[PDB]
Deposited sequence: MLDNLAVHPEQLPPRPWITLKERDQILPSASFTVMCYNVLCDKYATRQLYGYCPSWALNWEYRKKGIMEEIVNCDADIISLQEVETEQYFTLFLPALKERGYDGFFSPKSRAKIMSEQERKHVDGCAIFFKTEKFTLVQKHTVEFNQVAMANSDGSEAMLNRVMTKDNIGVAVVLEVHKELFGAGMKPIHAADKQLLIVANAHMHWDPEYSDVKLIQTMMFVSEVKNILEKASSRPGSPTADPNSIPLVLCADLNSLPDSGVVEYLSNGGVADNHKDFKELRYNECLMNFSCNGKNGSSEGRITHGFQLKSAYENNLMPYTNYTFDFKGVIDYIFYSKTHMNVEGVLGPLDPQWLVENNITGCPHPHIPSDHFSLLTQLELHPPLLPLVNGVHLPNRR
């Protein structure tokens, strides 16, 4: 397995701070099944085996900020957090489904989103969880769709407000990490969840701070979701929607005041989720282009190596998740 190649996009340095951000969906044990991944042997799907490769990936990236999806509750506390503490990180985790009723056993296996940060470079000011179902319910204002299709979806985002230490260049940063509904037939939900996350992050912001937004969006670069984040808004009749929408605007258009750019824009990875049936870019690191520049990204796994090894889908004995990690070095300028 060849280490991945760094792509430099722009030279360093005005006074500014450099830091690296990882976004990685680890694939939780619950969903790593032979039914879903019938091309990967059971011994390679097993969590006792896969968690080694996942921890290795995270260790090797050595990001200053790490955003994980599909972190299983009990794994956050017994694996991800203890091991990352030993590397000088602190973390914040929130599971999905906290209001759902379930056994103690089941509660351990519910997954959610985690943000880790290097304590030498960052101090946590606030931490928040955004429950999309609750925000949908609270803003359904007589839309049956909001209620039937959006509210019934249990997805979450987490966000942390960090103080960036001066001796890297009082100075704040917000990192947000979310994981949107999966279903291809639910582009409206994916888009609404993204709009709710962003408007909810904006509320966090008052109480302006640059944003790093990591997510598994389950959405391709040509979607309403990506157009919305990238262009600072969308048409309220976008085809992905198939009145209450203005609740998330902040006239025909839903608007946000972040000015975001994808770290990997213009096709720097040909895919981010890699399976037999589906290969595409659905994971993203977005940043406030006002405050920050991209210096570089970790480029794709050498594609020749995958053809050499006849690897048509992940995970695989040597690739422990069906998603590839995203790793970016960003340059922040204070105001």
Quiz item: Can you list the gaps, in order, where the deposited sequence has no modelled residues?
Solution: 1 to 11, 25 to 26, 183 to 193, 232 to 244, 280 to 284, 293 to 299, 385 to 398
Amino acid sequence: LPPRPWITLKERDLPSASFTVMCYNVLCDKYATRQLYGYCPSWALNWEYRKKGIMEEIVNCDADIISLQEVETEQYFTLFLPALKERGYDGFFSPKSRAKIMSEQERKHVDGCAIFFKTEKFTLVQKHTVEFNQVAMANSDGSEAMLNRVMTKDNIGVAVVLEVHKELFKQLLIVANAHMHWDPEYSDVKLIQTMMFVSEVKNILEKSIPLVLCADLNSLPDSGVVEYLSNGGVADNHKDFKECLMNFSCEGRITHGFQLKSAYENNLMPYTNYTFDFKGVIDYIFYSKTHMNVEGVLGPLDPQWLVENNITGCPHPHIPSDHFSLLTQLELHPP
From here on, numbers count along this sequence of modelled residues.
Quiz item: Comparing 153 to 161 with 198 to 206, where is the mean C-alpha B-factor higher?
Solution: 198 to 206
Quiz prompt | Higher-scoring stretch by recorded Cα B factor average, 256 to 264 or 72 to 80 | solution = 256 to 264
Quiz item: Which has the highest CA B-factor per the PDB entry: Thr275, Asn60, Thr272, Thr290?
Solution: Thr290
Exercise. Choose from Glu251, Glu106, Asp188, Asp90 the residue with the greatest Cα B-factor as stated in the PDB record.
Key: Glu251
Self-check item: Entry-reported Cα temperature factor of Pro317, expressed as the chain third it lands in
Solution: middle
Quiz item: What third of its chain's C-alpha B-factors does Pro221 belong to: lowest, middle or highest?
Solution: middle
Self-check item: Assigned third (lowest, middle, highest) for the C-alpha B factor of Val212
Solution: middle
Practice problem: Could you look up the Cα B-factor of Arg34 in the entry and say which third of the chain it sits in: lowest, middle or highest? | Solution: highest
Quiz prompt | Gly112 - Cα temperature factor, lowest/middle/highest third of chain | solution = lowest
